[PDB]
């Protein structure tokens, strides 16, 4: 049985690694967490330290308030009965105001008001978390690639819960907070707009979603295949190309006629993934604002 480097044979441990400092405010770093042998079969064993400034505490607090707002309404729907809570966990749902309240904030607590409170907490949690991804990178001097990429995910979410409800004229267009209900909403969204398979941006969205699995299977497999030449040490392979990066390039050149570089492959990777939600958010945003029925639309602009 030849070794494949999917799981570690021998873990080694040393002093807890406290990190690079650069311009980080060390007073906002926690201590180091425990070490997980379980995780160390696959990745790093070290947990922590985490950084927790004001933005991070703000974000964690609104995020929990969002969760807890949903969870209290779920208990209400359960008549406070724990067995009913567990039984119907996936059927509960915190739903937005009815269409007649438009974009207003008048709707009663039990009829959409609570949804707007939860959504407000979610809005603050995500946007403050975005600021973290930018600021943590700044403090280390790194590029802002993570924060720009996160913006693409935030785009689709903003379009679903905020920008399209506003453009459409009522909060009732937004997504409800519930396991099965948000699946019901999704199916219903497609039916009401004439089958999203005719939305050309849904098709692009799928291509990139499939493509991300294609590309990560490729990239992940490639790096593991050349990890016998230290291939996963990618930053130094960029600064000083090794035989790992050359064999990786030549596998793909010989297989399909062209290839990447150790750096360039990561530009393929960031854009494959980012375009999923980019084209996705456009496709949803155009739906009902501009195009009532994608089948109809495709009959004319196909």
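Positions refer to the first chain, counted from 1.
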Discussion item. Using only C-alpha atoms and the B-factors in the entry, which stretch averages higher, 24-32 or 262-270?
Written reply: 24-32
Fill in: Per the entry, higher mean C-alpha B factor between 103-111 and 207-215
103-111
Fill in: Largest Cα B-factor, entry values, listed residues 245, 60, 235, 276
60
Worksheet entry | Selection by C-alpha B-factor (highest) of 230, 141, 71, 220 | 71
Fill in: residue 120, C-alpha B-factor rank within chain (lowest, middle or highest third)
highest
Worksheet item: Comparing residue 257 with the other modelled residues of its chain, is its CA B-factor in the lowest, middle or highest third?
Response: lowest
Worksheet item: So where's residue 66 on the chain's Cα temperature factor ranking, which third?
Response: highest
Practice prompt. Classify residue 95 as lowest, middle or highest third according to the C-alpha B-factor given in the PDB entry, relative to its own chain.
Written response: middle
Item to complete: Rank-wise, by C-alpha B-factor, drop residue 40 into the lowest, middle or highest third of its chain.
Response: middle
